[PDB]
Amino acid sequence: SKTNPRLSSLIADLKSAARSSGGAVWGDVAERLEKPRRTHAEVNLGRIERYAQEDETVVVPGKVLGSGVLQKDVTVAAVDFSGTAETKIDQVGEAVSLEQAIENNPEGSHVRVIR
Amino acid sequence: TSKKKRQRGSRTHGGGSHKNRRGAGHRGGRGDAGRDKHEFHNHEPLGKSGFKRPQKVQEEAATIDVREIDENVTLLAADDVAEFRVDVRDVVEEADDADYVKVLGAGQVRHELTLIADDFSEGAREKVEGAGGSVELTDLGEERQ
Amino acid sequence: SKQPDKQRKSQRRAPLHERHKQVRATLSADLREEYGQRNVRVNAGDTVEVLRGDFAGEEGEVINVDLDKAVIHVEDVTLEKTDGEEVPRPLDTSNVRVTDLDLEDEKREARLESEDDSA
Amino acid sequence: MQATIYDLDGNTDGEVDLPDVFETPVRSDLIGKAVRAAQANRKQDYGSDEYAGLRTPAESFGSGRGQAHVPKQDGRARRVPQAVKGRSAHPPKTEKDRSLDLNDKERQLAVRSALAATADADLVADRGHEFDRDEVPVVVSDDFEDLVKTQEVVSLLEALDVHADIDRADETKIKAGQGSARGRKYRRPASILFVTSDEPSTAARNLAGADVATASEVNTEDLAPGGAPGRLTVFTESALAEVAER
RNA sequence: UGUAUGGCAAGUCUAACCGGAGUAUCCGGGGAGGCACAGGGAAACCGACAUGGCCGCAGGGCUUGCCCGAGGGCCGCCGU
RNA sequence: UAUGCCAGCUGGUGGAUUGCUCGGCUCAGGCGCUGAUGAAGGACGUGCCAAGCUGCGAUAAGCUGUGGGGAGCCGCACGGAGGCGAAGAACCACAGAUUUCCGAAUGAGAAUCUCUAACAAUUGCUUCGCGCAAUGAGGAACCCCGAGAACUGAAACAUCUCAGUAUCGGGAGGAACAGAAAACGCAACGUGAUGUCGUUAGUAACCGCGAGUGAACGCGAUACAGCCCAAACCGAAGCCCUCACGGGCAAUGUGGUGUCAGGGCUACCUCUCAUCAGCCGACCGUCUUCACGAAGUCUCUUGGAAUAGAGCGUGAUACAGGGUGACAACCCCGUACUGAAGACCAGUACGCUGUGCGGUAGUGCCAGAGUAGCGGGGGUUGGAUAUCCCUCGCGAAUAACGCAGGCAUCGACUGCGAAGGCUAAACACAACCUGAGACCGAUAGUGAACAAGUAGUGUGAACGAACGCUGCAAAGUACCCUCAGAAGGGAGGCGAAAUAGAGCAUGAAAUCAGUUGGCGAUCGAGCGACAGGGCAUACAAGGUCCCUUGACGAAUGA
Ligand SMILES: [Cl-]
Ligand SMILES: [Cl-]
Ligand SMILES: [Cl-]
Ligand SMILES: [Mg+2]
Ligand SMILES: [Mg+2]
Ligand SMILES: [Mg+2]
Ligand SMILES: [Mg+2]
Ligand SMILES: [Mg+2]
Ligand SMILES: [Mg+2]
Ligand SMILES: [Mg+2]
Ligand SMILES: [Mg+2]
Ligand SMILES: [Mg+2]
Ligand SMILES: [Mg+2]
Ligand SMILES: [Mg+2]
Ligand SMILES: [Mg+2]
Ligand code: NA
Ligand code: NA
Ligand code: NA
Ligand code: NA
Ligand code: NA
Ligand code: NA
Ligand code: NA
Ligand code: NA
Ligand code: NA
Ligand code: NA
Ligand code: NA
Ligand code: NA
Ligand code: NA
Ligand code: NA
Ligand code: NA
Ligand code: NA
Ligand code: NA
Ligand code: NA
Ligand code: NA
Ligand SMILES: [Sr+2]
Ligand SMILES: [Sr+2]
Ligand SMILES: [Sr+2]
Ligand SMILES: [Sr+2]
Ligand SMILES: [Sr+2]
Ligand SMILES: [Sr+2]
Ligand SMILES: [Sr+2]
Ligand SMILES: [Sr+2]
Ligand SMILES: [Sr+2]
Ligand SMILES: [Sr+2]
Ligand SMILES: [Sr+2]
Ligand SMILES: [Sr+2]
Ligand SMILES: [Sr+2]
Ligand SMILES: [Sr+2]
Ligand SMILES: [Sr+2]
Ligand SMILES: [Sr+2]
Numbered sequence: 001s002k003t004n005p006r007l008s009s010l011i012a013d014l015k016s017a018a019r020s021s022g023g024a025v026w027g028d029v030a031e032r033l034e035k036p037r038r039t040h041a042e043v044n045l046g047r048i049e050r051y052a053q054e055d056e057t058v059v060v061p062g063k064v065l066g067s068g069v070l071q072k073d074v075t076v077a078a079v080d081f082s083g084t085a086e087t088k089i090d091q092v093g094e095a096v097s098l099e100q101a102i103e104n105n106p107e108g109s110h111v112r113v114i115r
Numbered sequence: 001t002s003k004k005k006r007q008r009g010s011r012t013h014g015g016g017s018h019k020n021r022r023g024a025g026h027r028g029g030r031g032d033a034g035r036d037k038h039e040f041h042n043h044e045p046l047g048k049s050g051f052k053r054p055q056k057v058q059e060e061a062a063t064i065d066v067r068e069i070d071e072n073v074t075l076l077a078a079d080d081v082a083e089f090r091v092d093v094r095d096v097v098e099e100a101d102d103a104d105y106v107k108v109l110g111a112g113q114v115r116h117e118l119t120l121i122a123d124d125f126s127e128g129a130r131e132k133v134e135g136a137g138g139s140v141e142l143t144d145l146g147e148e149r150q
Numbered sequence: 001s002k003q004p005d006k007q008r009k010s011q012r013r014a015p016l017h018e019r020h021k022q023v024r025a026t027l028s029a030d031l032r033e034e035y036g037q038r039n040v041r042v043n044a045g046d047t048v049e050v051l052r053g054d055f056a057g058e059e060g061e062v063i064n065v066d067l068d069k070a071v072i073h074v075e076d077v078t079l080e081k082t083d084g085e086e087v088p089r090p091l092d093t094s095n096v097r098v099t100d101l102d103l104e105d106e107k108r109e110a111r112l113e114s115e116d117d118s119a
Numbered sequence: 001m002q003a004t005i006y007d008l009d010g011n012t013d014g015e016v017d018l019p020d021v022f023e024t025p026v027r028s029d030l031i032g033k034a035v036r037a038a039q040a041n042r043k044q045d046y047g048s049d050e051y052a053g054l055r056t057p058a059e060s061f062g063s064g065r066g067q068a069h070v071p072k073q074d075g076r077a078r079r080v081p082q083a084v085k086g087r088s089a090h091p092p093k094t095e096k097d098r099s100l101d102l103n104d105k106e107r108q109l110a111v112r113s114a115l116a117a118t119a120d121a122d123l124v125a126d127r128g129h130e131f132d133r134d135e136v137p138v139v140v141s142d143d144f145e146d147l148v149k150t151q152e153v154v155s156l157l158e159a160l161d162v163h164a165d166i167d168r169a170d171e172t173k174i175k176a177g178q179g180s181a182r183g184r185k186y187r188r189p190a191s192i193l194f195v196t197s198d199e200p201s202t203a204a205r206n207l208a209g210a211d212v213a214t215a216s217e218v219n220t221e222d223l224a225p226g227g228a229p230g231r232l233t234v235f236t237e238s239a240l241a242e243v244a245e246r
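Structural data, given as structure tokens:
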């Protein structure tokens, strides 16, 4: 049982978008967020740079950390970003909250899940 | 409700027969007792192995991989920008209480660096020289002979 | 102390001179104005009016002041025994108000009239 | 956002920008964790006498006299937990760490979050506070710090339609249970928090349920009593500014 | 040594203690030191994949079997 | 229906429960020695009437003084008699008087008494006389120096472990001990007295290399403070007692100098604000105690009583807590604010008097012996070759020398001067004072809320309970009847209540008396569960239930 009200709302929002719109991603992200904290994603930048491509939103079902270099013009969506992560991403691309990604793309199209 | 909280009424509190939870006999002796007899399993074998050198004749080197230097060069604007030049002794943490500073060769070197340190690995040189750079040994580093 | 046990203890186990404050009653409107005090230590010559018990509304002279029991006897505020004898009903000075004072003592009068001290 | 400043008569006197911390997302679980820690950290170590019930040379007679192997002295049972006058088996121990640790970042986030809960008028009304305002917190001028009389603060809060909260806290509850015997007979609702800058308001402190604080040290507890976010607060113009860098 | 929850994250946490104060709470200091950030070898001493290949779950894409395929799996390769 | 079974009703018994807290428990701050000037402890006394407790000491619940306090008082303890107090008592603070006997117990003896002038005993000084002094014993633990187990762990057990623990002997203080390097040894161009706290670290080290055991240097803090001899060179220039006189000490050396920024001597330069001795002497802070101190005791209703409900009003730098006939900021004590005193910090800091810091050159003048060191045997330690100590034997140098830097020797290097001494502050404990509590709430919490280390047990060492609650106010039951009767009973009186009537709030269960319902002297025993009948039932808090017929109608099914 999650104790954070904001995470409980995010999960409920990801579920609403999965059922209402044509997305399968948001329900898949909701299922991972309902799972224990240790199973959540702790991803550094060197992994987003390796596996992501432009005009395809990167969805992290956890938190993005700041180790490594990111050169690609990618839009990264996550539950949270570290201070350095968000700074390094905004220099070459855009760090967006998973809450905004649900409003901008309720259908969950052209999206890559990275962990 | 915890496991502990549901025990009133169980009598044995999960211990099986009430003849179980008594003294040290239930544990096979006190502490590490029987580490070679009845409970030898998963214990490190008996014996002496090796020697130790006196702590004041021991050297502690402060290490850093080329990858750590290379990923943070644009962020290290507080250090020399040549035709990049960086004194490694000023980058590594805990380099005060250390004997010497050594640059190791793990990762890639995407920039042209001129590194100044007390020691370098064969691979640390190869990666820096292989991407248009130089390696400078200190006056303290003049021990390699 | 803020602790109830210690508070009640200091009141019951208080020395005789400190028990004077346990026999204090509020002064009337006129007497408060005349002497600049809200209350006074009830004396065996004062006239008092009962404000709270079964004798509420009755006036009378203070006949006795017991410091040890921190209680007072007022004239006609009595109880009738089985034999017929009218014995005094002890009153707490907190349920009482002073209407007239006994100023036969020079020290008590001076204490009441001084702005720096109180009686 | 913008915060309306009020003078000592309760009329508007301009407006300054409401600082960024008041937009920190309300997080009741973190606020509650910080109040739980503060309440626990002031609790005193206690425990029964280590030797209570052990001061006896009582011995068991063993088998033979048709009696249970219970330690006896002068034909009276002693020491053992099942015996009257015996030791307490698992008693409260003085050695127990009754303190809760909290990370500075986690605690600081809770202070910021509780400060932010103070800016939402609906959360403040949900907490229980009685007031007739739209704008919350109540921002007053620095001349509030110069007030001496309590009755003068009553007039200002009546002019600010925020006095109804003190009427709510003007009712002492005589608690159920033995706390009475230990000094905890009464309790009352928590009302308005007064955050000043120089010194805590001597003028406002005695008001029913009121708590006075200063911007440099106002904590999670005075900002959210009992862990419940959204306390009806009143800041001094300089207090609002200083509470920004917290 | 696990686990659940929460903060922060290539970092993280302060300990004693100091100042403040609403004075055991609490606010601000304090990174000494600990653990993590490289390992292997008794020691001397030496010192690593920010990815080279193939499968492929979830998910995404398309002209609806075909592509991209984090994680995972099988290998290579690297340090000692 | 007898004896009797089950449930209940009325009344007991019992004292659970609920409510209450004069006691505990724990934490925190402050403070901290007493005694031959006879302590602490104990004994026996002491009151108008006095058994216990408390106090006190033949001046005996007290005497005197100053201050405070105040119209009352004569302790716990509300009686009777009587007395004291405006000649200012009680009561509180400080100071003083008195202060029996035993007790370190000291003239000698002795179960608290006795016998014929007493520092007994051991010491120092000495006028060699007990003339002047000292020691003894106590204290909650803390502290320091010695002696030193075992159960236990190792699943046995011997080394090891429990543990230098328990316990024992000796001793100091308000704190002890330690302490100005023959140090450290992140080896350095580095640190710089000592405790202690955090860490270093369960690291190094030990160990039937099993189980287990276990530092330090350094670092971050706390607090900070550095000095005096011996000797050289001087050589009576000196010290103690006494008012003085005078006496005593002292060449086997008092005193000057000096003490690793080595010193002394000789020759010079300059100078002191060091050091040492001594005078003066706090602020602040902290702890405790004290003075002062705002505003309702208005209306109505209920009540035995208003702090309750409804209504009206007030203070607040004071809405902590307590008391008061029920829940109180405004009735009383207090509480905020301001101020005062004492104690501790502390005879410290600061200030002051005196003294004089230091430098150059020369000078083998001085600088702590059973020592440093080696060996035999033991203990102890993490100390391993490399801990610390004891014991027996041996045993050096002289600063041009010596010790240390974790095996020995020699050389180098770096550090440092042992075998003389003192030393503030930061830390331990909790007797004593005060404060605090998510502690217990009378079979709990102390053994002890009560006569508590009491009653009581044991020759003794020692052991050791139980017992809290009338009521707003004693108004604590007059009178009458009965009776052997201050008994008890009846009637009666008080109070809101006597089923509040004295171990008297509430008043459970086991259980007892009387009684109600059901069963009952021809009948069978886990005492019941589920069905269904008899009989029994005031209200309230449940309101359903029966029969004809009709509707629907699963499986099954004439
Ligand atoms: Cl990663
Ligand atoms: Cl080694
Ligand atoms: Cl050092
Ligand atoms: Mg007056
Ligand atoms: Mg007990
Ligand atoms: Mg209860
Ligand atoms: Mg004698
Ligand atoms: Mg054994
Ligand atoms: Mg073995
Ligand atoms: Mg040991
Ligand atoms: Mg060392
Ligand atoms: Mg001298
Ligand atoms: Mg040993
Ligand atoms: Mg008891
Ligand atoms: Mg009763
Ligand atoms: Na058992
Ligand atoms: Na260092
Ligand atoms: Na005992
Ligand atoms: Na029995
Ligand atoms: Na503790
Ligand atoms: Na650090
Ligand atoms: Na019979
Ligand atoms: Na003391
Ligand atoms: Na007596
Ligand atoms: Na005396
Ligand atoms: Na003597
Ligand atoms: Na003599
Ligand atoms: Na065993
Ligand atoms: Na045996
Ligand atoms: Na051993
Ligand atoms: Na009253
Ligand atoms: Na020896
Ligand atoms: Na050394
Ligand atoms: Na009892
Ligand atoms: Sr189990
Ligand atoms: Sr046992
Ligand atoms: Sr074996
Ligand atoms: Sr460091
Ligand atoms: Sr009395
Ligand atoms: Sr009395
Ligand atoms: Sr037998
Ligand atoms: Sr931190
Ligand atoms: Sr120092
Ligand atoms: Sr010497
Ligand atoms: Sr050597
Ligand atoms: Sr009892
Ligand atoms: Sr016997
Ligand atoms: Sr009667
Ligand atoms: Sr049968
Ligand atoms: Sr049919």
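Protein chains in written order, with PDB author numbering: chain O, 1 to 115; chain L, 1 to 83, 89 to 150; chain T, 1 to 119; chain C, 1 to 246.
By construction, the Cβ of each residue, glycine as well, lies at the ideal position given by its N, Cα and C atoms.
Within chain C, the residues that residue i reaches when beta carbons sit closer than 8 Å
i	result
residue 6/O	25 and 27
residue 3/T	182 and 183
Straight-line Cα distance separating residue j from residue i
i	j	result
residue 44/O	residue 55/O	20 Å
residue 241/C	residue 122/L	49 Å
residue 128/L	residue 148/L	19 Å
Contact list for residue i against chain C, beta-carbon separation under 7 Å
i	result
residue 3/O	29
Option nearest residue i by Cα separation, candidates the options
i	options	result
residue 93/T	18/T, 86/T, 43/T and 105/T	43/T
residue 82/L	66/L, 75/L, 118/L and 65/L	118/L
residue 30/O	72/O, 78/O and 50/O	78/O
residue 22/T	88/T, 1/T, 107/T and 40/T	40/T
residue 143/C	74/C, 133/C and 156/C	156/C
residue 189/C	212/C, 13/C, 236/C and 173/C	173/C
Per-residue contacts from residue i into chain C (C-beta, under 9 Å)
i	result
residue 37/T	By Cβ distance, chain C contributes nothing, its closest Cβ being about 24 Å from residue 37/T, past 9 Å.
Status (buried if at least 16 other CB within 10 Å, exposed otherwise) for residue i
i	result
residue 32/C	buried
residue 96/O	buried
residue 186/C	exposed
residue 119/T	buried
residue 102/C	buried
Flag this pair as touching only if the stretch 14-31 of chain C and the stretch 224-235 of chain C have three or more C-beta atom pairs under 8 Å; answer yes or no.
-> Verdict: yes, contact present.
Meets three-Cβ-pair contact criterion under 8 Å: the stretch 135-151 of chain C and the stretch 65-85 of chain C | When C-beta atoms of the stretch 135-151 of chain C are compared with those of the stretch 65-85 of chain C, fewer than three pairs fall below 8 Å, so the two segments do not count as touching.
May I ask you to verify whether the stretch 96-116 of chain L touches the stretch 59-67 of chain L, counting CB pairs closer than 8 Å and requiring at least 3?
-> yes
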